[PDB]
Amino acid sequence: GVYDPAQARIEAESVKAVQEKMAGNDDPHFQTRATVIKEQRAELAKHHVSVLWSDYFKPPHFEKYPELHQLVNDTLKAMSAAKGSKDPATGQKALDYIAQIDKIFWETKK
C-alpha cells in the first residue's frame, strides 16, 4: 500500500486544463465532452484526497496538525466547486489546497 498526493494533483491538474480549454471553444459537442471529462476527473481527485485522509493519516497526525481535518474537507469542497464551474480559478484554488496536504504528507513521511 503506497500513498502519494500526486494522484490527487494529477487529476486536479486535468480539471484545470479542461476548464482552460472550455474558454477557447464555442462548439456544443466539445463543451459537453469537456464537462463529462471534468466531472469524472474531479470525482477521482476527490477519491484520492479521501483515501489519504481515511487510510494514510493516523491519530498522531491529527494531533500534530489540528487543522488537517478541516483542510481536507475544504479541499473536497474546493474540488466540488471546480466540478461545477468552467472558471480556471476554481480549479487552481483546489490545487492550492492539495499543495497544503502534499506539504503535510511529506512532513509525516520524514
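Don't overthink the numbering: it's just position in the shown sequence, from 1.
- Averaged over CA atoms, B-factors in the entry run higher in 23-31 than in the other of 23-31 and 58-66.
- Looking at the C-alpha B-factors along this chain, the one for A8 belongs to the lowest third.
- Residue-level temperature factors show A94 in the lowest third of its chain, judged at the C-alpha atom.
- Residue-level temperature factors show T75 in the lowest third of its chain, judged at the C-alpha atom.
- Among all modelled residues in its chain, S50 ranks in the lowest third by Cα B-factor.
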